[PDB]
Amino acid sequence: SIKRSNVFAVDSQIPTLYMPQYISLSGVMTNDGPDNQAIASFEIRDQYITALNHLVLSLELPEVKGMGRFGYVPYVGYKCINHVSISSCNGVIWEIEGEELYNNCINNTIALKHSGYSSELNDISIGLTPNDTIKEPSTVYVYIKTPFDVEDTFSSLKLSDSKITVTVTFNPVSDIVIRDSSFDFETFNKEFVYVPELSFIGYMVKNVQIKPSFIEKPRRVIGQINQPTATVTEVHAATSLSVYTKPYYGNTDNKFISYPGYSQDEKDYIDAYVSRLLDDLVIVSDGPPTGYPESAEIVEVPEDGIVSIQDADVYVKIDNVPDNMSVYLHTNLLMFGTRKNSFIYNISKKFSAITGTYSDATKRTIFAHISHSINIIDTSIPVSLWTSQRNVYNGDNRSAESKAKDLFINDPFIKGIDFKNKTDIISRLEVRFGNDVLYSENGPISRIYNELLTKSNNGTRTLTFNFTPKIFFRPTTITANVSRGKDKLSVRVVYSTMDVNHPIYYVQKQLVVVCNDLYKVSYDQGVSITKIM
């Protein structure tokens, strides 16, 4: 007849006898090295812990007191990690850069929430007195995703009667805090201390039968400022290659006009910016408005309500304006040009219509409808670039009140040339293995594949060389040919052409190339790793 596979019953296999346990450890804190950077060390050695995985680092955030504006960057927990390294008596087993750990967890909304993504943390709070509480104390949790979590117990790190050391290097606190001038960052930085604790799932296993494993170790290279090339040397067995860009704000004071806070949509960034500009853009004054630079060009709105700024027509109509007063428009709030009587980037020209009602009670304008063409790039321009030496105009024609509200943003994990990484600034990408073109593209097809294959909406241009199921199989890799000089991956990009009279032209770019090398994990006489060659 016919031999059939039973799809209604199963012979329940008896597994290895084990007992899991959640373990938490306090570490050893050290302020040694460059600018006395914080390093936490956690030593795991126990006769009963046979294997482990699922590392979670918790951080105690202090009470923030005083005057000024202060808020934490979104996912504050991931952003204060600089480097993570797992090692034994035989040396490093696995290690990752903070930004690469963050990139691996970006598709895990739970891990991101736990690390600190809330109104309480991420909104920009204000202290009114020196004894006022800006932020209340809080605990954040950072999931340190490792290759040991992939297939739970099967993929766990076995401790071959060895001592495992987890070392966490922290970023300066300046990187995770959004603040204004008024805030006393100097004494905050002096008083701040990283208070960490490491948790992991430990397994007490009876009669383990250890076998060798394979692990992928991410390695990254950052190019020279504004160079559209980068190279990864000694590439012998890679499972994937990822490419992205980062802005470099070293030529600026890292001050930006606005920040949306906990609301992180592209619309939220734009709305926060427009709201800051509208304070100085439309003025209801008796005579001509006062307290603006001499270079400012504030014009009385005509009876038809249209103000012409060259080619741009701005329609301004404000209701209930008192008889003794008039409506004025700032026609050059933020200006940029590299040549006199030539092209100009004027933010006031990005407004089509402004409508509202004047409040006799609060003596201010309440804006109803605003038609504009402000984008995520405009909100991402550092205030330094508006007032650069290249600019023939004064640039920043805002009030001193507005300039005082500007924020310092030093988020370490920004990509592209805008806060949302919306703008694609790569026109073409070429990857070479030796001198042979391995891959090229004129569109982000590699990012599209990344997002589809990993079911993430925050992908990067990625080349995958391994489609083989993890843990149960030895991974598939791009393999070197040293004799033919094929022992390196060279990435070359063509950046999209930008307007010289737009301030973003002057945001410095850095090309980031991430390579995942294959390693063999051997548990013969303690845990050891070997680079596949």
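A residue's number is simply how far along the shown sequence it sits, counting from 1.
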Residue 66 unmodelled in at least a third of other compared entries: no
Unresolved residue 33 in a third or more of other entries flanked by modelled residues: yes
Mean Cα B-factor comparison, 313-321 or 92-100, giving the higher one as deposited: 313-321
Stretch exceeding the other in mean C-alpha B-factor - 336-344, 178-186: 336-344
Highest-ranked of 265, 132, 197, 123 once sorted by CA temperature factor in the record: 132
Of the residues 28, 493, 57, 52, the one carrying the largest Cα B-factor as recorded: 28
Residue 468 by Cα B-factor - lowest, middle or highest third of the modelled chain: lowest
Relative C-alpha B-factor of residue 279, binned into the chain's lowest, middle or highest third: highest
Chain-relative CA temperature factor third for residue 239: lowest
Third of chain Cα B-factors occupied by residue 296: highest
Residue 65, C-alpha B-factor rank within chain (lowest, middle or highest third): highest
